[PDB]
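Report on one structure; see the data block that follows.
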Amino acid sequence: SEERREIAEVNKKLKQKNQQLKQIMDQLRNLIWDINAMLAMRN
Amino acid sequence: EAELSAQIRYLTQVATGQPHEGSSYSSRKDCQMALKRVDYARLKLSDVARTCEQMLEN
């Protein structure tokens with residue numbers, strides 16, 4: 001009966017963690033895009 | 001007097017009366033560009049560092 005109650009927190013916590021990873025990932029990819037664009041035409 | 005007279009002769013063989021329009025500006029622009037590119041990199045890295053830092057801590 002209480003299993004459901006306890007499961008929910010792990011789902012929400014995990015979901016929150018995933019959301020945080022999304023912010024880091026989109027930020028790192030923007031950094032790599034910027035360095036690619038700037039370095040491509042240094043010649 | 002010997003040294004000064006010799007120096008005047010040397011100048012009499014090296015003087016042309018023109019402004020000498022060589023210079024070294026381009027390579028200096030290129031190097032400055034590269035330094036600010038590295039600075040950009042350092043800024044973005046610090047920002048990623050802090051967001052990872054705040055996620056690891058709950």
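Following the order of the structure tokens, chains are lettered A, B, ..., residues in each are numbered from 1, and ligands are numbered from 1.
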
Item to complete: Could you list the residues in chain B lying within 9 Å of chain A, using only C-alpha atoms, and format the result as a PyMOL selection string?
Response: chain B and resi 30+33-34+37+40-41+44-45+47-48+51-52+55

Take the residues from that selection and put them in a file with C-alpha atoms, as an mmCIF file, in the first residue's frame.
data_model
loop_
_atom_site.group_PDB
_atom_site.id
_atom_site.type_symbol
_atom_site.label_atom_id
_atom_site.label_comp_id
_atom_site.auth_asym_id
_atom_site.auth_seq_id
_atom_site.Cartn_x
_atom_site.Cartn_y
_atom_site.Cartn_z
ATOM 1 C CA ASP B 30 45.924 37.550 -35.097
ATOM 2 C CA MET B 33 42.123 37.356 -31.606
ATOM 3 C CA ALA B 34 43.484 34.029 -30.364
ATOM 4 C CA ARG B 37 39.015 33.199 -28.137
ATOM 5 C CA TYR B 40 35.571 32.982 -24.214
ATOM 6 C CA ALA B 41 36.375 29.330 -23.633
ATOM 7 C CA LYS B 44 31.810 29.111 -20.678
ATOM 8 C CA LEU B 45 33.782 26.432 -18.826
ATOM 9 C CA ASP B 47 29.547 28.442 -16.078
ATOM 10 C CA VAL B 48 29.171 24.731 -16.835
ATOM 11 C CA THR B 51 25.746 24.241 -12.793
ATOM 12 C CA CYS B 52 27.270 20.779 -12.365
ATOM 13 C CA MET B 55 23.393 19.600 -9.207
#

Practice prompt. Once DSSP has gone over the backbone, tell me which residues of segment 4-37 of chain B are in alpha helix (DSSP H), as a ChimeraX atom specification.
Written response: /B:4-12,26-37
